[PDB]
file work.cif (mmCIF, C-alpha atoms)
data_work
#
loop_
_atom_site.label_atom_id
_atom_site.label_comp_id
_atom_site.auth_asym_id
_atom_site.auth_seq_id
_atom_site.Cartn_x
_atom_site.Cartn_y
_atom_site.Cartn_z
CA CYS A 35 62.52 325.45 174.94
CA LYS A 36 60.47 326.11 178.04
CA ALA A 37 62.34 325.72 181.31
CA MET A 38 61.81 324.38 184.83
CA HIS A 39 63.92 324.39 187.98
CA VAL A 40 66.06 321.47 189.19
CA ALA A 41 67.37 321.33 192.75
CA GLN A 42 70.06 318.99 194.07
CA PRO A 43 72.58 319.09 196.94
CA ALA A 44 75.83 320.92 196.28
CA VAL A 45 78.30 318.56 198.02
CA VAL A 46 78.03 314.78 198.49
CA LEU A 47 80.65 312.47 199.98
CA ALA A 48 81.17 308.90 198.84
CA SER A 49 81.35 305.87 201.08
CA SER A 50 84.44 303.67 201.23
CA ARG A 51 82.95 301.46 198.51
CA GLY A 52 82.15 304.35 196.17
CA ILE A 53 78.47 304.94 196.94
CA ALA A 54 77.34 308.48 196.09
CA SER A 55 73.56 308.84 196.31
CA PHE A 56 71.64 312.12 196.19
CA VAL A 57 68.16 313.46 195.42
CA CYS A 58 67.36 315.47 192.28
CA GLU A 59 64.04 317.31 192.62
CA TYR A 60 62.52 319.25 189.71
CA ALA A 61 59.79 321.89 189.83
CA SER A 62 57.38 320.03 187.58
CA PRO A 63 54.71 322.00 185.68
CA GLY A 64 52.46 318.99 186.19
CA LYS A 65 52.40 315.22 186.11
CA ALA A 66 54.11 313.95 182.98
CA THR A 67 54.02 310.83 180.82
CA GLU A 68 57.58 310.61 179.44
CA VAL A 69 60.43 311.94 181.60
CA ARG A 70 64.08 311.49 180.61
CA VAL A 71 66.64 311.99 183.39
CA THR A 72 70.35 312.40 182.70
CA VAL A 73 73.48 312.80 184.85
CA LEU A 74 76.38 314.87 183.53
CA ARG A 75 80.01 315.03 184.66
CA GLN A 76 81.78 318.43 184.58
CA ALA A 77 84.98 316.98 186.04
CA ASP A 78 87.57 318.68 183.81
CA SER A 79 85.74 321.69 182.32
CA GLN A 80 84.21 319.08 180.00
CA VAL A 81 80.79 317.40 179.91
CA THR A 82 80.37 313.62 179.99
CA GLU A 83 77.05 311.80 180.19
CA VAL A 84 76.98 309.22 182.98
CA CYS A 85 73.40 308.05 183.52
CA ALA A 86 70.60 308.00 180.96
CA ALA A 87 67.05 306.77 181.51
CA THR A 88 63.46 307.50 180.52
CA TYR A 89 60.01 306.31 181.64
CA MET A 90 56.70 306.74 179.79
CA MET A 91 54.21 306.44 182.68
CA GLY A 92 54.14 307.16 186.41
CA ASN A 93 56.97 306.02 188.70
CA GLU A 94 58.41 303.16 186.59
CA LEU A 95 62.00 304.44 186.44
CA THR A 96 64.60 301.72 185.82
CA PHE A 97 68.09 302.65 184.63
CA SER A 101 74.52 300.89 184.55
CA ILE A 102 76.58 302.91 187.06
CA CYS A 103 73.31 304.39 188.12
CA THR A 104 70.87 302.57 190.36
CA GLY A 105 67.83 304.70 191.03
CA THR A 106 64.05 305.06 190.92
CA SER A 107 61.81 308.12 190.63
CA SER A 108 59.08 309.21 193.07
CA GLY A 109 57.09 312.06 191.56
CA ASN A 110 59.07 315.30 191.71
CA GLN A 111 62.08 313.55 193.29
CA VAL A 112 64.33 311.03 191.56
CA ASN A 113 66.34 308.92 194.00
CA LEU A 114 69.74 308.42 192.37
CA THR A 115 72.71 306.25 193.33
CA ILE A 116 76.10 306.02 191.60
CA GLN A 117 78.39 303.02 192.07
CA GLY A 118 81.98 302.25 191.14
CA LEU A 119 83.51 305.62 192.00
CA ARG A 120 87.28 306.08 191.99
CA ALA A 121 89.08 309.23 193.08
CA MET A 122 89.27 310.17 189.39
CA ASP A 123 85.45 310.01 189.34
CA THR A 124 85.42 313.13 191.56
CA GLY A 125 83.64 316.00 189.86
CA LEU A 126 80.54 318.13 189.52
CA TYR A 127 77.54 315.98 188.53
CA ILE A 128 74.63 317.84 186.92
CA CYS A 129 71.18 316.24 187.04
CA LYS A 130 69.36 317.13 183.80
CA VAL A 131 65.63 316.39 183.65
CA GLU A 132 63.70 316.33 180.36
CA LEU A 133 59.93 315.82 180.35
CA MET A 134 58.98 314.95 176.77
CA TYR A 135 55.28 314.04 176.55
CA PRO A 136 52.75 315.58 176.78
CA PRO A 137 53.98 318.58 174.81
CA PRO A 138 55.60 321.00 175.25
CA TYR A 139 59.23 320.31 176.09
CA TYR A 140 60.42 321.39 179.54
CA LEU A 141 64.14 321.36 180.36
CA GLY A 142 65.78 321.62 183.77
CA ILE A 143 69.51 321.85 184.53
CA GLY A 144 70.79 321.49 188.07
CA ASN A 145 73.53 323.77 189.35
CA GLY A 146 75.69 320.76 190.23
CA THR A 147 76.45 318.16 192.90
CA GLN A 148 80.17 318.14 193.66
CA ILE A 149 81.02 314.54 194.55
CA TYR A 150 84.33 314.00 196.35
CA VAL A 151 85.69 310.44 196.16
CA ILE A 152 88.85 309.09 197.76
CA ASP A 153 90.33 305.58 197.65
CA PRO A 154 91.76 303.37 200.45
CA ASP B 1 37.10 312.37 194.70
CA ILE B 2 40.07 313.65 196.70
CA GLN B 3 39.03 316.16 199.35
CA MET B 4 41.23 319.16 200.18
CA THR B 5 40.14 320.51 203.56
CA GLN B 6 41.36 324.08 204.05
CA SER B 7 41.86 325.66 207.48
CA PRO B 8 41.24 328.22 208.71
CA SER B 9 38.07 329.14 206.82
CA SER B 10 38.77 332.83 207.47
CA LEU B 11 41.21 334.61 209.78
CA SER B 12 42.06 338.11 211.01
CA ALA B 13 45.63 339.40 211.00
CA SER B 14 47.58 342.65 211.30
CA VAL B 15 50.37 343.80 208.99
CA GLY B 16 53.73 342.30 209.90
CA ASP B 17 52.35 339.06 211.36
CA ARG B 18 53.24 335.60 210.09
CA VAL B 19 50.14 333.70 208.94
CA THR B 20 49.85 330.01 208.12
CA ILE B 21 47.04 328.50 206.03
CA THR B 22 46.57 324.73 206.14
CA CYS B 23 45.10 322.37 203.55
CA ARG B 24 44.66 318.70 204.46
CA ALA B 25 44.37 316.22 201.60
CA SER B 26 42.06 313.26 202.21
CA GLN B 27 44.53 311.09 200.26
CA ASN B 28 48.26 311.27 199.63
CA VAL B 29 49.19 313.52 196.70
CA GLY B 30 52.93 313.95 197.22
CA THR B 31 54.35 317.23 195.94
CA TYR B 32 51.56 317.90 193.39
CA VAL B 33 49.87 320.75 195.28
CA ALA B 34 49.62 324.43 194.31
CA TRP B 35 48.46 327.63 196.01
CA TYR B 36 46.55 330.47 194.33
CA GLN B 37 45.76 334.02 195.46
CA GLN B 38 42.29 335.35 194.63
CA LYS B 39 41.96 339.00 195.48
CA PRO B 40 38.50 340.45 196.29
CA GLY B 41 36.79 340.83 192.93
CA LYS B 42 40.03 339.90 191.13
CA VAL B 43 41.43 336.98 189.14
CA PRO B 44 43.17 334.11 190.95
CA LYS B 45 46.94 334.43 190.66
CA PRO B 46 49.26 331.42 191.13
CA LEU B 47 51.68 331.75 194.04
CA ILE B 48 53.11 328.34 194.97
CA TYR B 49 53.56 325.32 192.68
CA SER B 50 55.16 321.93 193.39
CA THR B 51 54.32 322.72 197.06
CA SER B 52 57.51 324.73 197.64
CA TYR B 53 58.33 326.78 194.51
CA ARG B 54 57.22 330.38 194.03
CA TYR B 55 55.62 331.39 190.75
CA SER B 56 57.65 333.79 188.62
CA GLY B 57 57.27 337.20 190.25
CA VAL B 58 56.04 336.05 193.68
CA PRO B 59 57.74 337.99 196.52
CA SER B 60 60.07 336.06 198.81
CA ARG B 61 57.73 336.39 201.82
CA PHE B 62 55.58 333.62 200.31
CA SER B 63 56.77 330.10 201.14
CA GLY B 64 55.12 326.72 200.58
CA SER B 65 55.60 323.77 202.92
CA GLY B 66 54.07 320.35 203.48
CA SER B 67 54.62 316.68 202.71
CA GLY B 68 52.20 313.85 202.08
CA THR B 69 48.72 314.86 203.23
CA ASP B 70 49.23 318.16 205.11
CA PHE B 71 50.18 321.35 203.25
CA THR B 72 50.84 324.86 204.57
CA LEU B 73 51.21 328.25 202.87
CA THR B 74 53.30 330.73 204.85
CA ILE B 75 53.72 334.51 204.66
CA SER B 76 56.91 335.56 206.44
CA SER B 77 56.03 339.27 206.80
CA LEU B 78 52.46 340.27 206.00
CA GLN B 79 51.86 343.31 203.78
CA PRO B 80 48.76 345.35 202.86
CA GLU B 81 48.82 344.05 199.27
CA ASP B 82 48.38 340.44 200.48
CA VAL B 83 44.75 340.86 201.60
CA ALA B 84 43.03 338.27 199.39
CA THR B 85 41.59 334.74 199.46
CA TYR B 86 44.00 331.81 199.12
CA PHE B 87 43.14 328.41 197.63
CA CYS B 88 44.99 325.09 197.63
CA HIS B 89 44.74 322.67 194.73
CA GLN B 90 45.83 319.15 193.82
CA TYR B 91 47.23 318.00 190.51
CA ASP B 92 48.00 314.34 191.20
CA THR B 93 44.68 312.72 190.23
CA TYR B 94 41.82 313.88 188.04
CA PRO B 95 39.33 315.32 188.72
CA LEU B 96 41.15 318.37 190.06
CA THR B 97 39.91 319.65 193.42
CA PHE B 98 40.43 322.95 195.25
CA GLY B 99 40.21 323.93 198.88
CA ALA B 100 37.29 325.79 200.41
CA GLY B 101 39.33 329.01 200.62
CA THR B 102 40.87 331.11 203.38
CA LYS B 103 40.15 334.84 203.64
CA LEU B 104 42.49 337.44 205.13
CA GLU B 105 41.21 340.29 207.30
CA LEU B 106 43.27 343.33 208.25
CA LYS B 107 42.87 343.55 212.03
CA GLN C 1 53.10 336.10 178.08
CA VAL C 2 49.80 334.25 177.56
CA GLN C 3 46.41 335.95 177.77
CA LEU C 4 42.93 334.45 178.14
CA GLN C 5 39.65 336.38 177.93
CA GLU C 6 36.24 334.98 178.85
CA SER C 7 33.11 335.95 176.93
CA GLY C 8 29.45 335.08 177.32
CA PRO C 9 25.91 336.16 178.15
CA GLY C 10 25.14 337.92 181.41
CA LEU C 11 22.15 335.78 182.39
CA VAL C 12 20.83 332.37 181.36
CA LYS C 13 17.27 331.22 181.98
CA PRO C 14 17.02 327.77 183.61
CA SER C 15 17.00 324.68 181.35
CA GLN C 16 18.94 326.56 178.66
CA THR C 17 22.40 325.68 177.34
CA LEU C 18 25.28 327.74 178.71
CA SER C 19 27.86 328.96 176.19
CA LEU C 20 31.12 330.76 176.94
CA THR C 21 34.19 331.21 174.74
CA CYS C 22 37.74 331.69 176.03
CA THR C 23 39.72 333.68 173.45
CA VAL C 24 43.41 332.81 173.90
CA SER C 25 46.12 335.10 172.53
CA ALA C 26 49.94 334.91 172.35
CA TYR C 27 49.89 331.09 172.42
CA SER C 28 48.30 328.46 170.19
CA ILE C 29 46.06 325.72 171.60
CA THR C 30 47.41 323.09 169.19
CA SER C 31 51.07 323.51 170.21
CA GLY C 32 51.01 322.01 173.70
CA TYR C 33 48.99 322.51 176.96
CA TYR C 34 45.67 321.43 178.49
CA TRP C 35 42.96 324.09 178.57
CA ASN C 36 40.53 324.10 181.45
CA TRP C 37 37.21 325.63 182.50
CA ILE C 38 36.65 326.59 186.14
CA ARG C 39 33.66 328.05 187.97
CA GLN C 40 33.44 329.56 191.46
CA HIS C 41 30.15 329.57 193.32
CA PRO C 42 29.17 332.61 195.41
CA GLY C 43 30.39 331.83 198.90
CA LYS C 44 31.95 328.45 198.06
CA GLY C 45 35.26 327.24 196.70
CA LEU C 46 36.44 326.71 193.15
CA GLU C 47 34.97 323.90 191.05
CA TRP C 48 36.85 322.32 188.15
CA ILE C 49 34.51 321.67 185.22
CA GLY C 50 36.89 319.97 182.79
CA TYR C 51 39.49 320.56 180.12
CA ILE C 52 40.20 320.19 176.44
CA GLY C 53 43.77 319.49 175.35
CA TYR C 54 45.94 320.31 172.37
CA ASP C 55 45.22 316.76 171.19
CA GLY C 56 41.45 317.30 171.14
CA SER C 57 41.16 315.04 174.20
CA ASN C 58 38.48 315.80 176.78
CA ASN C 59 38.02 315.09 180.47
CA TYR C 60 35.17 316.40 182.60
CA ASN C 61 34.40 316.27 186.31
CA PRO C 62 32.32 313.17 187.14
CA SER C 63 29.83 315.50 188.85
CA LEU C 64 29.26 317.34 185.56
CA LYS C 65 30.13 314.76 182.89
CA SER C 66 26.71 314.42 181.26
CA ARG C 67 25.79 318.12 181.33
CA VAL C 68 29.11 319.50 179.98
CA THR C 69 30.62 319.64 176.50
CA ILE C 70 33.91 321.49 175.92
CA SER C 71 34.74 322.22 172.28
CA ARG C 72 37.34 324.32 170.48
CA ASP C 73 37.67 326.39 167.30
CA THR C 74 41.18 325.82 165.98
CA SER C 75 41.08 328.75 163.54
CA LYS C 76 39.93 331.40 166.04
CA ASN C 77 42.07 330.13 168.96
CA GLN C 78 39.01 329.55 171.12
CA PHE C 79 37.79 326.74 173.33
CA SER C 80 34.19 326.87 174.49
CA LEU C 81 31.98 325.46 177.23
CA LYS C 82 28.48 324.03 176.80
CA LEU C 83 26.50 323.39 180.00
CA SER C 84 22.92 322.21 179.48
CA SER C 85 19.86 321.75 181.70
CA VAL C 86 21.10 324.50 184.01
CA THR C 87 19.66 325.14 187.47
CA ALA C 88 20.06 327.92 190.02
CA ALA C 89 23.04 325.92 191.34
CA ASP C 90 24.95 326.89 188.17
CA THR C 91 25.03 330.61 189.03
CA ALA C 92 28.78 331.16 189.29
CA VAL C 93 31.81 333.10 188.07
CA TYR C 94 33.34 331.13 185.20
CA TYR C 95 37.10 331.09 184.59
CA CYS C 96 39.15 329.59 181.78
CA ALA C 97 42.69 328.63 182.73
CA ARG C 98 45.77 327.10 181.16
CA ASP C 99 47.32 323.95 182.55
CA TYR C 100 49.92 321.26 182.00
CA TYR C 101 48.72 317.67 182.12
CA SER C 102 47.51 317.47 185.72
CA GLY C 103 49.46 320.56 186.72
CA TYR C 104 49.23 324.05 188.21
CA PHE C 105 47.05 326.59 186.43
CA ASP C 106 49.74 328.61 184.69
CA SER C 107 47.46 331.38 183.40
CA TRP C 108 43.89 332.48 184.05
CA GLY C 109 41.37 334.53 182.17
CA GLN C 110 39.66 337.45 183.85
CA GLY C 111 36.63 335.24 184.50
CA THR C 112 33.05 336.05 183.53
CA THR C 113 30.00 336.25 185.77
CA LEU C 114 26.80 334.40 184.88
CA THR C 115 23.46 334.38 186.70
CA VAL C 116 20.81 331.67 186.37
CA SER C 117 17.57 333.62 186.81
CA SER C 118 14.07 333.81 185.35
#

call {"tool": "encode", "arguments": {"input": "work.cif", "output": "structure tokens"}}
result
Amino acid sequence: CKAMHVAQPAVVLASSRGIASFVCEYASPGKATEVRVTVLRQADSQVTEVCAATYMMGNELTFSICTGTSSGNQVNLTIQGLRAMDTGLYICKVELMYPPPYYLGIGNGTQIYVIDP
Amino acid sequence: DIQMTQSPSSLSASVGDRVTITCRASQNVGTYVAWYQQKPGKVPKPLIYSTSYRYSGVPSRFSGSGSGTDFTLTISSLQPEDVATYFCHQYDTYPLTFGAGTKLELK
Amino acid sequence: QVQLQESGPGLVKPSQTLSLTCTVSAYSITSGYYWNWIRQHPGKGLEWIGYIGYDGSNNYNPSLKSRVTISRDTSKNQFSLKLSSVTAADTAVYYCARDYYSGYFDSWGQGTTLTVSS
């Protein structure tokens, strides 16, 4: 419905293990009660949900692949278990539910490159 | 409450300068700070929200900076239309508090 | 687009009850946002009086909790301020502004000017 802006880095490298952590900051209209954050994979011109979490108070964000906690405007995200096939464009989608109204923010994408040893 | 101390109280500047207005929060508020432009005898107009994002329609010369307790509003290239009074504002903890205001003089 | 227009008496004698109405158009109070009242003293900063939400919920500044009542008329799309036992310290320019829950003031009314004089 109503929209807000989501910023995230364009390119992120993995570690040898498969650690790809980035920051997803959203231009919040204000301080919200329920915020649902979602990570989306555009690897093959197709969308696949990866993370999915929601918190109904201040900074109590607790997510499987995704380890990460939220700090106000910025959610600190980490993705484990990345193979070279996991390479793709990851979109951080932020939904703030309550209080009304509904604000939706779609990030341009974080291209994560993963190789394997 | 939470005190937002705004400096300078009033300044003088010529067109083309780069002016910085500071607003020091007595307690940490994170990124929940906004900047408003009140023109002489006019309505306040929101410029900067989430401490770094321009309101829809704000010219690019306006930029918001700051982290934690210190916040700055920056005009890259000053213009005649920008002569107004600028206020900072928290939205992390009720009650909501503003700054004392900073007034722009054409030198 | 969302428009807010203040309305009220020019002057208020001391110890009266202050009444202003903020007529909102192009958006409905009950849908979702928090609707605030703001005054600005001559020569000082901006003071936040309080809000009323879509939910009917109220919150006022602890400075002005006892002297302030903010009420709304759902049919007319208005939300009003009631400030009682006024003093000369209440001479100010009164604004009504839209808001998200603890957020930036998305829209402002033109603001109305009120003078506490005898």

call {"tool": "resolve_selection", "arguments": {"input": "work.cif", "expression": "the PyMOL selection byres ((chain B and resi 25) around 6)", "output": "PyMOL selection string"}}
result
chain B and resi 3-4+24+26-27+69

call {"tool": "closest_atom_pairs", "arguments": {"input": "work.cif", "of": "chain C", "to": "chain A", "cutoff": "9 Å", "atoms": "only C-alpha atoms", "output": "tab-separated table"}}
result
residue	atom	partner	partner_atom	distance
C:31	CA	A:138	CA	7.2
C:32	CA	A:137	CA	4.7
C:33	CA	A:137	CA	6.7
C:54	CA	A:137	CA	8.6
C:99	CA	A:64	CA	8.0
C:100	CA	A:64	CA	5.4
C:101	CA	A:64	CA	5.7
C:102	CA	A:64	CA	5.2
C:103	CA	A:64	CA	3.4
C:104	CA	A:64	CA	6.3
C:105	CA	A:63	CA	9.0
C:106	CA	A:63	CA	8.3

call {"tool": "residues_around", "arguments": {"input": "work.cif", "residues": "segment 83-93 of chain A", "least_positions_apart": "4", "cutoff": "6 Å", "atoms": "all atoms listed in the file", "output": "ChimeraX atom specification"}}
result
/A:67-74,97,103,107-108

call {"tool": "closest_residue", "arguments": {"input": "work.cif", "among": "C:18, C:97, C:52, C:114", "to": "residue 85 of chain C", "atoms": "only C-alpha atoms"}}
result
C:18

call {"tool": "residues_around", "arguments": {"input": "work.cif", "residues": "residue 39 of chain A", "least_positions_apart": "5", "cutoff": "9 Å", "atoms": "only C-alpha atoms", "output": "list in words"}}
result
residues 59, 60, 61, 62, 141, 142, 143 and 144 of chain A; 53 of chain B

call {"tool": "write_last_selection", "arguments": {"input": "work.cif", "atoms": "C-alpha atoms", "output": "mmCIF file, keeping the file's coordinate frame"}}
result
data_model
loop_
_atom_site.group_PDB
_atom_site.id
_atom_site.type_symbol
_atom_site.label_atom_id
_atom_site.label_comp_id
_atom_site.auth_asym_id
_atom_site.auth_seq_id
_atom_site.Cartn_x
_atom_site.Cartn_y
_atom_site.Cartn_z
ATOM 1 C CA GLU A 59 64.040 317.310 192.620
ATOM 2 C CA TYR A 60 62.520 319.250 189.710
ATOM 3 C CA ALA A 61 59.790 321.890 189.830
ATOM 4 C CA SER A 62 57.380 320.030 187.580
ATOM 5 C CA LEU A 141 64.140 321.360 180.360
ATOM 6 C CA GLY A 142 65.780 321.620 183.770
ATOM 7 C CA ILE A 143 69.510 321.850 184.530
ATOM 8 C CA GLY A 144 70.790 321.490 188.070
ATOM 9 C CA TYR B 53 58.330 326.780 194.510
#

call {"tool": "residues_around", "arguments": {"input": "work.cif", "residues": "residue 54 of chain A", "least_positions_apart": "4", "cutoff": "6 Å", "atoms": "only C-alpha atoms", "output": "JSON, numbers by chain"}}
result
{"A": [48, 115, 116]}

call {"tool": "atom_distance", "arguments": {"input": "work.cif", "atom1": "atom CA of residue 126 of chain A", "atom2": "atom CA of residue 50 of chain B"}}
result
26.0 Å

call {"tool": "interface_residues", "arguments": {"input": "work.cif", "of": "chain B", "to": "chain A", "cutoff": "10 Å", "atoms": "only C-alpha atoms", "output": "MDAnalysis selection string"}}
result
chainID B and resid 29:33 49:54 91:93

call {"tool": "write_last_selection", "arguments": {"input": "work.cif", "atoms": "C-alpha atoms", "output": "PDB file, in the coordinates of the input"}}
result
ATOM      1  CA  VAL B  29      49.190 313.520 196.700  1.00  0.00           C
ATOM      2  CA  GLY B  30      52.930 313.950 197.220  1.00  0.00           C
ATOM      3  CA  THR B  31      54.350 317.230 195.940  1.00  0.00           C
ATOM      4  CA  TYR B  32      51.560 317.900 193.390  1.00  0.00           C
ATOM      5  CA  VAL B  33      49.870 320.750 195.280  1.00  0.00           C
ATOM      6  CA  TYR B  49      53.560 325.320 192.680  1.00  0.00           C
ATOM      7  CA  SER B  50      55.160 321.930 193.390  1.00  0.00           C
ATOM      8  CA  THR B  51      54.320 322.720 197.060  1.00  0.00           C
ATOM      9  CA  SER B  52      57.510 324.730 197.640  1.00  0.00           C
ATOM     10  CA  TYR B  53      58.330 326.780 194.510  1.00  0.00           C
ATOM     11  CA  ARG B  54      57.220 330.380 194.030  1.00  0.00           C
ATOM     12  CA  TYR B  91      47.230 318.000 190.510  1.00  0.00           C
ATOM     13  CA  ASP B  92      48.000 314.340 191.200  1.00  0.00           C
ATOM     14  CA  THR B  93      44.680 312.720 190.230  1.00  0.00           C
TER      15      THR B  93
END
